[PDB]
């Protein structure tokens, strides 16, 4: 993702090289070019205007009009604004002695494989995770998680067809006690579309299990729809953080750049490949650098 935006931002910066000091009108032209690059990447007008305004303020504060290398000043201020847009500092869910987290999202989001990859990540960090396959309607969805848990070496409790939330809670508590589990990852039902009956189920399960995090998994390649999905889950269930999958796919890029501003939720993890280790903690500064051609 973000190949076109990357090329357009780098080109806007590059057009400032080899010209000496620039004028106020030159600076305004570059700012318009940056806003256009963002909007072509499907960033909305409000988000893009705010971004450019931050670039303008910071560049003026760094003396851009007096610099012999204004391209470098713009590079630095775009880098900071991108790093800010994407979340600022890297963030992860808080671990306490015991933890129960939901994963929520649509079928095509990579939610179930994300649950397994998260479990593997945390097992490698010394946690003792339990996966819970919580689709009370679809046995195949539960079996998919069983098999992935087997592959990553993490136990899986599967709910029963039509099992009540209270029964799920009892069985999860029992297994977690017998197996000394300290991180419970509940993979909730995935559907192709949002559904009143489904949202009512997720909200009820949340009341009964009391998760401390609700992680919404979104396929980043779905564009502005991902922010609409995020709004629906946050309104009907309540979300604490995001996981963006398929960030390596061919797509424009603005969900990720538009998420802090629009949703107020941190992006915790990024899916950057299909390998079992392809899910990594999200680092806003490293994505910002890579968009601008810096680093790896």
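In this text, the rigid core denotes the largest set of C-alpha atoms whose superposition between the two forms falls within 1.5 Å. Numbering follows the first chain given and starts at 1.
Taking 190-198 and 176-184 in turn, the stretch whose Cα atoms are more displaced from the shown form in 7 other deposited structures of this protein following rigid core superposition is 190-198. Structural divergence in 7 other deposited structures of this protein between 60-68 and 239-247: following superposition by the core, 60-68 has C-alpha atoms lying farther from the shown form. Remark: stretch with higher mean C-alpha B factor among 248-256 and 34-42 is 248-256. As recorded in the PDB entry, 93-101 is the stretch of 171-179 and 93-101 with the greater mean C-alpha temperature factor. If you compare the C-alpha temperature factors of 64, 47, 239, 227 in the entry, 227 comes out highest. Annotation for 113, 136, 107, 77: 107 ranks highest, by Cα B-factor.
When the modelled residues of the chain are ordered by their C-alpha B factor, residue 56 lands in the lowest third. When the modelled residues of the chain are ordered by C-alpha B-factor, residue 195 sits in the highest third. When the modelled residues of the chain are ordered by C-alpha B-factor, residue 221 sits in the highest third.
Per the PDB record, residue ranking by Cα B-factor puts residue 117 in the lowest third of the chain.
Sort the chain's modelled residues by C-alpha temperature factor and residue 204 lands in the lowest third, per the entry.
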